[PDB]
Structures are given as structure tokens and as C-alpha cells.
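What's counted below: heavy atoms across the whole structure, side chains too, no hydrogens, waters or symmetry copies. So that the names make sense, note that chain A is the first sequence line, chain B the second, and so on, each numbered from 1.
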Amino acid sequence: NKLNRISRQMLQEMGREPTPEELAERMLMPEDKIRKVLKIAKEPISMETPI
Amino acid sequence: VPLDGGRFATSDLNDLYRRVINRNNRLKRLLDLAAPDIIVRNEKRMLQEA
Amino acid sequence: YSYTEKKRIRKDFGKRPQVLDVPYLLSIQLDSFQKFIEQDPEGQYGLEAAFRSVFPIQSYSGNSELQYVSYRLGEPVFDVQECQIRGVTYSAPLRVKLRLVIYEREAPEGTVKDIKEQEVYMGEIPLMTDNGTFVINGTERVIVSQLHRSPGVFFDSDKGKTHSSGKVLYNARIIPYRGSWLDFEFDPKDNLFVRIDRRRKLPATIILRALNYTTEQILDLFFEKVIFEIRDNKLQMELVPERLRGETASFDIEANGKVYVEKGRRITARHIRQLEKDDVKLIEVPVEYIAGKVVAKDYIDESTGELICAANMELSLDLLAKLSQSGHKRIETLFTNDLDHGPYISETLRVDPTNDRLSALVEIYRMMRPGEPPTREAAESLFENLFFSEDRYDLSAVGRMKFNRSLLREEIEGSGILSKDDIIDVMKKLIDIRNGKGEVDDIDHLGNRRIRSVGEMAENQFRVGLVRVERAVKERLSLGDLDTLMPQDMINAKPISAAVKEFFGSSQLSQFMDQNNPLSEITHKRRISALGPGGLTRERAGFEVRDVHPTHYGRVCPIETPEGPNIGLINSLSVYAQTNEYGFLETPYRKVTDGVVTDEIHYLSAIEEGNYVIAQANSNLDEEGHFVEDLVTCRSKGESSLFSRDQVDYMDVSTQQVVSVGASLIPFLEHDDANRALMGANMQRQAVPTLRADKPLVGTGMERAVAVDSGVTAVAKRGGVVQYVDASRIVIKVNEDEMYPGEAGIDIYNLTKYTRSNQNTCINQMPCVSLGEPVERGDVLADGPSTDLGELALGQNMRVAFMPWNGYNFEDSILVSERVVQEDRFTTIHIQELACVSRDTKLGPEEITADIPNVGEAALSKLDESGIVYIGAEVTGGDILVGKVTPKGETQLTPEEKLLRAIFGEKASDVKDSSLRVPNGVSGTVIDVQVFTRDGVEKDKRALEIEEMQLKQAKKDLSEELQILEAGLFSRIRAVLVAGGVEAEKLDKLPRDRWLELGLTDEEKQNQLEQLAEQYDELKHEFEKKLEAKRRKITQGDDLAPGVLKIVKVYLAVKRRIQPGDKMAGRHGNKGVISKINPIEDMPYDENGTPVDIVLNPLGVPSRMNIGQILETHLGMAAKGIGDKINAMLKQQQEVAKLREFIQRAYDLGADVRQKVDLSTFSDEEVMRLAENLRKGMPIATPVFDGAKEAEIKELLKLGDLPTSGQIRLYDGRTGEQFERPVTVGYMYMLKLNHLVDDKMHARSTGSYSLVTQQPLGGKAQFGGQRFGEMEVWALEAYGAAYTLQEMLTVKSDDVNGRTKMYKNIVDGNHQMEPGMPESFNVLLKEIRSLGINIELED
Amino acid sequence: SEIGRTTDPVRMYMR
RNA sequence: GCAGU
């Protein structure tokens, strides 16, 4: 949630989605922690999703 | 099952079962807490509809 | 004449002089999106209107407001091509200048405390390229236009579909643009009923009582009163005469004069004429005349305060004698004349239970939200928010226009919400239609049906995003921190960006572009679609919306439509068709003032097309303009008939006005059946571009328009002279007349070389001009795919013979000679990207490496030291393209291979070969390799090599365009310097860098020198500004998906030659699969030994009556026959006078043709270039429905010394003996369609199986398995094939222990099965048991 | 009353 | 969704 809020404010101030290597410096967490957090936050697709 | 792109892919049955178990454990909670009848009636209705 | 179209002139057999040139064919998409994004001062279109629709956003209380100043579109981060390479959307950032106005706490009028304005960023909106396509996640997408029902009111009926009694039931329906539907209808007993959102029906007067009308007001609105001023004489009755129209008078009428009609007679209009001519208005009626009459007013007794008769109550004699005691002189009564007037409203008010506003609102609430207890201020807000709130209902400008036009109001403009009188007028027109005083609307009339295009759908989705933002801003302005926040702390860009993003990427109308040839694109952009959000569903669309209405004439093609489940739901905009300012298709017509058909053009829509009489385009007329015939065939109301010359109002503007740009390319369309024309128009869009484009010898003249209006070609923006031509670029030195002051005056055109289309074909631009030759504005400079000198060339002119050949052309098969495969005619290049994605697994990273375990050393021969293939490497199926390994663990090998490891000692590796290999059957050249590396991952030697190549190429291209432009600027400087104070023999020694500071005497041209020097300096500055940006875009990281480390994309370029199985076609619906590639010596051949290229079947002509494919052949014999003469004159090296004479005879031929090619003005060099371009057959133009008559084809055959019957005697190639009858031999324009047998053939023995059910996987991409479905099981049950069936069920799909045993038995030489229970049945028993049901197996 | 007119448990809760 | 039979 903190990551989504911070990336929301960064997108609002610089007009683009922030890279994890600047999202990690607006926060104070290591960049690989931001990478694993971004890898975690996804919800599973339903297998009944039509292609 | 994990898709190769790191994301997962589930069946809708896991979502429906997970809803059932959430409402059921909450009903057991409310029955232990001696909640008012409005709340336990609403929870029984939600478990029935889940 | 031209310069690009006198290289080779297509002889035109058209006879009607064209009055309107074909418009820009992609103006639908481009005009719509331009209206979307461009700035609107008056706020009517696009983004400005969507902002003013929502802003200003006031708070819930009114202490603060968020208003909108203006918006802006940022610069896109990446170019179109960079977005296609990096797989990102080509969009522009929406920078909106907002303003937060905050007041003091208690202000008199809302006097402000502070204003804080700043430029918030809300979302990115995808931009449309200059060809009407959108690059969305790298793929080019086309948002197809939608044909939906126009907002308004529509009166319709069911024609006795209910109650089995033949009673037509009428219904009015108010459809808003955005809002809730409102229906009125008649039930089988004439009670008016209302529905909202198609839920269960209320009586219609409940909504009249929801409005504040009482019962007497309702009866006053929907009726006219008959008044009984009961004088001394029994029921002295006031009367207007016409009320007596058509009824059986059982009472006599006596009033100071004649007894007019005896009792027991029906009376006619002459009796009413009698009663109104003798001027009787007040009569004497019998006492029982009130028995049955319904009172109109609420009659009260002022003596006792009690209402002695309620309104809408049937007066009777006892009730009449009752209220007559109260001393009431006038009795008002609803006048209901049957078959002219209806009891419908009164008999409806007799049904509803509500008698005042609150009870009606409560009934509407119980209808709308059932089971929720209604309160007063909840129901009276639900109803006011249904139709009468400007934020929850919109009858838009087109909706208000159609609404007022239906009810015959005078205004075309009004409010977007309903009103009392709107609903009253809809009910009134429905009652009028019930009384026979009107007619129901036609729901699929193209004036009741309108075009919603990309720039309106995108604005709708953007407004959806803005209201999702407005709710959050209203939730935010209701807080107490309003003195510290800026407006960008309130705007989440993700609602807007998500709405626009899902519309552009994942809508039904935003479709993956069909990019086979230029025609596929140019007819996918002109597509109309009844489906989509807010449209039909292809499964629930009846036979009538799928029909060709009489109003598609000139607006929608009748021919070009799909053939599958959605036919007539996907339409194609006709050639001249346009859209209204409201979105109604309009088509152009020439006004016929006094019989002189004026060249003035008026665009008539479908509703105003029926008021006029409109002559055909085939109607003959002299140079004066008058119709030379006297009964002109015209279209009056949707029906066709003959009219006098004086009646005719308008005339068609062309003969191809009715057909689309795909069907206007079919030559001799007037001789094909409409089914075969549909098939041909659909199969032209599937032809793949061959190696060398070949123009059609028989065309229709729309080739140039289709090839130019699609952006596949390079068209000169300004005229000039070709300074430099090259396979990769064309540099044009612009003429002095066309260049601006302070400009280099040089146009560079960079050509697209060998890139992938959406359909994996090659799109590749070849320069058409030569070095030094002059070009004009609009001249085609470089061809595209399927383009020959600026014409649209979708195939090749194959010499066909119509004869049956030994059964090898049986049932629409094609026999092809080997000289079509030799000459590489239908060889097509196909480019495939293949991606090797090195991901980060949880056991460790996968690495792109060249030391692959347990693979040969010869397999890694084509990989470089970095594990990736070389560019130029000829690969076949199975070869490793990108060497990759995934780390694996927990081997746990069986004891036997454990012993095997113990004996030989080859220890297994920790990595698994997951490399990217060429798919089986594919064989081609690697032509490009792209490596995208995640930032932080160190680049391998190949990525750094590709980057130094990219940086060298970017720097070299920018330096070369700077050298070109600066050379042009210095040539312009030298031209200005010699215009006065000429140093031409001094300036040639002075170096080019010294000419700027050379002060010339300032008459006026020193201003020119100032502007040219300033242009040169800012060119030098812009070169560096572009080079540093190119360098930082090259050397920057890639925003890959989370989890992947790098992606290597290998671009194979396969050359598919023609082979048995490949689907070939013509333009007349004559498809066919090649059945044999016959040797040259086996083909039939004429008396001169020329063999036949393709042998088609005569039996495919007469039943499917595409006679055009015969005439195209007979004329293609004529065209090439001209060429074979010019070629002969080019081999004897005849003088140019004889060539000029013969080419003038070939261009003069025809019966009053509209073109005049006068070679008297051609220079001899231009005649020679033309004759060199005509030595392969003279291209002929047969426009659609005014093309070449058969007599002209025979005259052209006589000119080329050919048999005028179009038939020669052939000889068998194998036996040398003559075929007993003359054979139709000629030149048909054949097309190789994209259904290639290489992409069709697929087989599996075993492979991957599905996960839940253990059956094989789906298709040839997942290695397939063919569905042995239900009808095939019935086929095996109809035979006694019990074992074949059983092995199709058990040991080929699902018996998991049984299919491995079957494999080991087939391998061990024993064709025997041991079938068990299919695993799908165990899945079924487990899924039935997960319901509360106990299903078992008994024994 | 409104008993038996709805199937939504949200509406029954609010009722 | 878009095509092919």
C-alpha cells in the first residue's frame, strides 16, 4: 500500500510511472526489495478467462 | 498453477470455496462471541448464499 | 498529364464523365480522432467537452471548488516505431491546468479566500498515427466504427406476435445516449403500460401521477371534452359537427329544424357536411345518451362538501339524476369516438392503484428497488434521478434532435433531460399511432441508426474516467485540510488511464489490424460494426438487422460483408459515403435544377433521401445536361420506378457510389452474382504480397486511390527533383516555388525495409523514382507491399485456360504449371519474431549461454560466443536460435540410471536446456536480433555489440541527414548570393563555412541570408539535440515485465514458394486450392508454343454465375495482346513514329470513352518510356457498372490480332494432339491468399496433455490433437466401429495408465489396448460428489 | 410488508 | 473478438 501510494504521487509529480530504481529512492528500501514486492502484488488469473 | 510469467492461474472454485470458508469461520466466530441476532442472522444468510 | 501516371497510362473504358473525385478514404478515422483531441474553443467536441461536462467540481458543502482552465497534450516519449520496437503504447500525456478555488468559512456569495492553479497530469491518451491506426502495446490496432441505434424516441410494434389474435401491439421507446430506457406499450386490451429499464410494466398513468398531474389534468391533456349544458329540454348538448364522423346513429338529432338521420343508421361525412352547412351547434339528445359516458371533472356538492361524482367515473342515469339535484348546468364529458379516438387513458386509469403523487412514486419505487421500504424523500429522489437529472440521464444533441424530429417540433436543440411535455408528447404520438394517425418507425433505417467512431467512443470512456475521478474529488473536498493541499494531491491518474487503456486495448471494437496488403488496412479502417459495447450480439441478432435495407444505397456496401455468423452486422462504408455532423451516413448527389444535371453536389442523409426522386448514375445525358431518355429510372421513397425528366430532383454522383472500396476493385462486377462478388471482395483482403508486384492488366481505376490513401507508399509531399535515390531513402530537392523562406528545401523519405506486418508478412518499400527525374506533389516516390508504380497490385496476371485437365482441377482445384514456381511469381516473404525470455526462476536465474548441456557441437555452430544466433544465419527447423538453460534440482533418478551413472561416470548437469529453437518446418534467414536487458543486469557481449551498432547507425543517419540538409541550405545560399552581387567564380574557392558571414549588400535579400544562416545554426543545434536523445534512448534500460531478466527477439525471414495446397483466388469469388504443380511440357499450348500458366475449371463458371472472371479473361487476353505487339515493336527497334501510332490506336479505341490520351504532346522519350512500361500488356481500366462492353473487348481483341471470340485451339502438352474444341485462354489476375498449407498441416502422435482433464491440448501451437467430437462419435456408432470408438475415448485421450501402455505396446510390436476408465469420468464423479450428490460405481 | 419481495441479502440486512 | 470450411 505504501508502494502504491508513493508511486501514485511520483506519477502525479513527474508524469510517468517511476522506475523501481527511483521508486526505491523515494522510499528507503533496497531496490531488490521493491522488485520482489512488485512481483508479489499480482492476483491470480482465472482459468476461465477467455482468450 | 504458476504461469511462467511469475503470475498464477486459479480456478473459480478456489475463489468460491475461499468465500465459503471465510463466511463459515466468521459465523463460528460470531457464535462464540454471542453476537446479537441481527449479525448472526445476516451471517447465516451470507453463508447460505455463498 | 502527370509524371507518375504517364510512365504507364491505364486505358480507361469508362464512359460517364466523373463529377466527384474519390475522397480521402481514411477520413472517417482521422476526422473523428481529430475532433477528439484537438482544441475546441466553444467546447463541443472531444476532451474540452468532456472536461466541461464534469468541471467545475463543487464540494458537498460548497466551501471549495475544483475548476478547469485548459488542457494540453504532452510530447510522446517514444516515436511510433520506437513504440513498435519497445512494445509500449504510442500515447501523449494529458496535462490539464486545474484550479482549486477555496472560500472563507462564511462568505456572502462564495467570496474566495485563495485560488491555487496548477498543471495536474491525468493519464496518457493513445495518439492515432497519420494512417488511422493506434500503436497499443506495440501492435497496431484499428478502432472499428460502430453502427448503433440513434438516441431518440422510436415507435414500433409487434405484428400480432402476442395473444394469437392478430392485434398489433404498439410501443414507444425513449432511448437516451446515456441514461435509463423508457417504454410505453399497449396490451391486448388497449391499456397503456410503462416500463423503465425493461423491467415489469406499470400502468402508464403512474408516471403521469409521478409528475404532479391529477386525474382531471390527465384527462384534460389526453382528451377533448363534450359539454352538456343541460337546459330546460332534456340534456341540451353542445356540439361541434365533425364529432359525428362515422358511427351508427341510434338516436335522432333535432335542433330548430330537420330531423337529420333516422334512428338505427350509420351516418356518412355528407351528413356532417349537412349539419355544419345548416349551422347547428346545440342539439337535443335522448336521456340514455349519458349511459356509458365518462365524466371529465370532479363534481362536488357545495351543499355538503362531498364529491358526488369522481373524475373518470362512468355517468349513469341514476348518477345523473343524483348530481342534477345540486344545480349544475354544465356537464363536461370525455369525447371518445371509436376508431378515431381512444378510451385508452381512461381505461388505463381504471387499472392503476395510485391516486396521487406519493402513491405513484411509491409504486415506481417498488418496481425499481423491490423489497426495500420506500420513504418519501427516497422515492421522490429516485424518480427525479431517473430521467430528470443531468448527471444520470442524457438525451444528447443527436438524441434531442431525433426526439424533436419524431414529434414534429420546430426546434432541433434542447435539453438533454426529459420533461413533462416530452413524455406527454411520446404518449400522445403513441396514441395517435394506435388511432391510425401515424406509422411506426423503421428500426434499421439508416436515418434511425448512426455512426459512433473512435473519437466519440474514446471521449465516452474518458468521461467515464473523469466521473470516477469526480466522485473521489467530491469525497476529498469534504475534508478539513483544504487550506494546505494542491489540486494534484486530489487527482489519481489511474481511473482515467485505466478507462482509456481498457477501451483502447481490450474493447471489442479496438481490433488487431488486418495488415495483409494495403486493401486489408484501408477496408479495416472503413469498417462499420453493429456489434460492440452498446450494440448487438451476433447470436441474438435476427434476420432483419442483417438485411440490405433500401437506405444502404450509397452509404453501406451491400456486397462487402462477412460470411460467417456475423453477416450484415459487419458492414463496409461505401466509397463516397460520409458522416453527418450527428453521425448519420450521408452520400453525395448532383442537383438537377431544371433538367440540366448540375455539377453541384449535395450530401443527402437517409431521411432526406426519400423526400426526393433521385436518378440513376446510368441515366444517359448529353453535354447539355438533360436526360436524353424521357422516362428516367429513379428511386422515389425506397422503391424504384420510372419518372419523367421534369420530376427528377437529384442524380447519383458515380456508378461506384454504391459499392465499397473493396468491391469497386472487382472488374466486371456487373456480371458477377452478388454471392460471388461478396466472396471476391472478402478474398481480396486476404491476398499476401508477392516478391515482385504485378499490376492488374484488367483493373477498375481505383487501384491508385487505394494504394495512395493507404499509407503503405511514399508520396511526395512537395514537388521537386530526385536528388538521390536509394533502396533505403529518397532525397528530393524541392522546387523553388514550393519551399518556404528560411528552409533547406530538401525532403528526405526514409523507406520501411523488411519489417513484420501484423500477419507476419513482409512490408517493404521499394523506390519507384530514378535519380534526377522530376517529381510533383502527390507523386508516388516509393512503392509499398502490393504496389506497382503507385497502383494496387494484389497478385499476378497469370495466363489461364478454362478447360478440364485430367481431373486435376476437379471441384475448384487449380492446376499450376512449373513455370509459375520457376519464375517465383507467388513466392511471398514472411517474417516471424521468436522470443527467448530469460526469466528469474526461484531456483536461480536462467542464463543465455552457448555451453548448452548434452547437445552437439555442430548445433552450436551458428551461435556466437554470447549464445545468440548470427544475423544472416540460414536456419532450418530444430536449430538453436538463442541458447538458454534453466537451473533445475532434486533429480531423484531411478536405480537403473543410478547404476548407469555408476558404470560410465557421466554425471548429470544441474541445468536444463530451455533454448529457443526454430519451429519444425520453418526454414529461413535470421535478419534481426534484439536484446532487451533489464536495468541492473549486466549486458553480454552481444547486447553491447548491438548497442554500438545502434549508436553508430543513429549517429550516421543523423549526420547524413544533416549533411543533406546543410548541402541544400548552402545551395540555396549560393543561389541567393548570385541573384545579386555574384561571386560565382570567387565563391567556388571560398569554403562553405565562410559563406554565412559574407555580408551581401542589403536590398532585400540580406533578410533571406539572415534567415538561412539562422536556419543553419538551429539545424546544427537540433542535430545535437536529437543525437543525445537517440543515444540516451539506445543506452537506457528496458521496462520489461516483472520477473524476466532479458528478452532476445530473433526475426526469421521465410520465403514461402507456391505448392500443392496453397489457396489461390481471383477477384470474382473463384477460390481454389492448387492440386498439382505441372511441368511446362505437360501444359496445353497454342499454335506458337506458349504454354498455359494456370488451367481452371469451366464448371466453376456456370452454376455460380461469376461471368466476370470470363470477361476479365477475355479482356486480359486483349490487354496482353496489345503488349505483345508493343514488345515486338521494341524488339525490331521500330521508329518511335510507328510506336506512337499503334499506342494512339490502342488508346483511342472504345465507344465514346471519357479519357483522351493524346500522344502528340508526349516527347519521344516519354513515348519510349511508356511503351517500355506497356510491353508486358497494356493495363486496362473497367470501372464498376460503366466498364467495357463485350463489343469493346472484341474490338480490342481484333486490334491485337487475336481471335475475337476469345478462344484459341490448344494442344495437349503430353500427347501433342489438339483439344477437340476451342478453349478460353486469357489472362486472369490471380491472388495467393493467406491460407497456406504450410500453416495448415499439423500432426501429433503424442505430446503435452491438459491439466485437469488429461486429454490432449488444443491446437497446432500447443502441438494439437484433433477434436474427435460428438458427431464423429455418432459416425463411429453408425458403423459398428466399437473398438475404434473405444480407443478414441480411452487410450488416445484420457486413460492415463492406458495410453502409456498403448505406446509401449505399439513400440514392442503388439497392437493391443488395455482400456481403463477415462480420467474425465473420474473428474466428473468428483465434481458431482462436490455437490451434495452421491454418485457411485456398483458391482 | 416487503417480506418475501427480494433475494439480495444486502437489502434484507438494510431492512 | 477476427477469419477459414
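- C:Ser817 and C:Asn1078 share no donor-acceptor pair across their side chains, judged by distance under 3.5 Å alone.
- Between the side chain of C:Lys525 and the main chain of C:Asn131, a donor-acceptor pair closer than 3.5 Å is present.
- Using a 4.5 Å cut-off on side-chain heavy atoms (C-beta onward), C:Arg1067 and C:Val698 make contact.
- No salt bridge links C:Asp1148 with C:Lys1156; every basic N to acidic carboxylate O contact stays at or beyond 4.0 Å.
- Checked for salt-bridge contact, C:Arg819 and C:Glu1081 miss the test: no charged N lies under 4.0 Å from a carboxylate O.
- With a 4.5 Å cut-off on side-chain heavy atoms, C:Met803 and C:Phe1219 count as touching.
- Put simply, the side chain of C:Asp1082 never gets that close to the backbone of C:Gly1213: no donor and acceptor are under 3.5 Å apart.
- Remark: C:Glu738 does not engage C:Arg777 in a salt bridge, criterion side-chain N to carboxylate O under 4.0 Å.
- A donor-acceptor contact shorter than 3.5 Å is absent between the side chain of C:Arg825 and the backbone of C:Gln796.
- The pair C:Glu1141-C:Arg1145 counts as a salt bridge, with a side-chain nitrogen and a carboxylate oxygen less than 4.0 angstrom apart.
- Annotation: cation-pi geometry satisfied between C:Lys1120 and C:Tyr1227 (NZ/CZ under 6.0 angstrom from ring centroid, within 45° of ring axis).
- Within a 6.0 Å radius of CD in C:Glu1087, other residues, nucleotides and ligands contribute more than 12 heavy atoms.
- Here the side chains of C:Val712 and C:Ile763 are not in contact, with every heavy-atom distance at 4.5 Å or above.
- Checked by atom type, the side-chain pair C:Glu773/C:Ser770 shows a donor-acceptor distance below 3.5 Å.
- Judged purely by atom type and a 3.5 angstrom limit, C:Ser786 has no side-chain atom pairing as donor or acceptor with the backbone of C:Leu794.
- Considering all non-hydrogen atoms of both residues, C:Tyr749 and C:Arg718 come closest at OH-N, 4.1 Å.
- Of all the heavy atoms in C:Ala677 and C:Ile666, the pair that sits closest is O-CD1, 3.7 Å.
- Under the side chain to side chain donor-acceptor pair (under 3.5 Å) test applied with C:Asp12, the options C:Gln1155, C:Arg1154, C:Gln18 reduce to a single match, C:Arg1154.
- With hydrogens and angles ignored, the 3.5 Å screen pairs no side-chain donor or acceptor of C:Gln723 with any backbone N or O of C:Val734.
- Between C:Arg692 and C:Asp824, none of the side-chain N atoms (NZ, or NE/NH1/NH2) sits under 4.0 Å from a carboxylate O, so this pair counts as no salt bridge.
- At least one side-chain heavy atom of C:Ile746 sits under 4.5 Å from a side-chain heavy atom of C:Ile748.
- At distances below 3.5 Å, not a single donor-acceptor pair connects side-chain atoms of C:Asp779 with backbone N or O atoms of C:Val775.
- A donor atom on one side chain and an acceptor atom on the other are not found under 3.5 Å apart for C:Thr761 and C:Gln515.
- Cation-pi geometry between C:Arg1214 and C:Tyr1085 is not met at under 6.0 angstrom from the ring centre and within 45 degrees of the axis.
- The closest donor-acceptor contact from the side chain of C:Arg16 to the backbone of C:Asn618 lies under 3.5 Å.
- Between the C:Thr1161 side chain and the C:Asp1158 main chain, a donor and an acceptor come within less than 3.5 Å of each other.
- Counting all heavy atoms, side chain and backbone alike, C:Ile9 lies closest to C:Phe1162 at CD1-CZ, 3.5 Å.
- Salt bridge status for C:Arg729 with C:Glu960: present, with a side-chain N to carboxylate O gap under 4.0 Å.
- With C:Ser520 as the fixed residue, the side chain to side chain donor-acceptor pair (under 3.5 Å) test singles out one of C:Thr523, C:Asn516, C:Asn517: C:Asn517.
- Using a cut-off of 4.0 Å between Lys/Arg side-chain N and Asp/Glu carboxylate O, C:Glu791 and C:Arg704 are scored as salt-bridged.
- In the displayed structure, C:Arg1175 atom CZ is contacted under 6.0 Å by more than 12 heavy atoms of other residues, nucleotides or ligands.
- Side-chain N or O atoms of C:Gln686 include none that pairs as donor or acceptor with a backbone N or O of C:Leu1233 at under 3.5 Å.
- Applying the 6.0 Å contact sphere to CE of C:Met766 captures no more than 12 heavy atoms from other residues, nucleotides or ligands.
- C:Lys15 contributes a side-chain N or O that, together with a main-chain N or O of C:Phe13, makes up a donor-acceptor pair within less than 3.5 Å.
- In this structure, a donor-acceptor pair under 3.5 Å is absent between the side chains of C:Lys7 and C:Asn1173.
- Environment of NZ in C:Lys1176: sparse, with no more than 12 heavy atoms of neighbouring residues, nucleotides or ligands closer than 6.0 Å.
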Query raised in the report: Between C:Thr828 and C:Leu691, is a side chain to side chain contact (heavy atoms under 4.5 Å, CB included) present by the stated rule, with each step listed?
Result: CA-CA 6 Å; C:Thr828 63; C:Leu691 291 177; over 6 Å; no

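- Salt bridge C:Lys1198/C:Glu1195: absent, no basic N to carboxylate O contact under 4.0 Å.
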Query raised in the report: Do C:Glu1172 and C:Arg1169 pass the salt bridge (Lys or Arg N to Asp or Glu O under 4.0 Å) test, and can you show the C-alpha distance, the side-chain angles, and the key distance before you say yes or no?
Result: CA-CA 5 Å; C:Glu1172 191 93 37; C:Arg1169 171 161 40 90; over 6 Å; no

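- Residues C:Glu560 and C:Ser660 have side chains that bring a donor and an acceptor to within less than 3.5 angstrom of each other.
- Residues C:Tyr1147 and C:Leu1159 approach most closely at CD1-CD1, 4.2 Å, considering heavy atoms.
- More than 12 heavy atoms of other residues, nucleotides or ligands sit less than 6.0 Å from atom CZ of C:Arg1140.
- By the neighbour-count criterion of 12 heavy atoms within 6.0 Å, atom OH of C:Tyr24 is densely surrounded, having more than that number from other residues, nucleotides or ligands.
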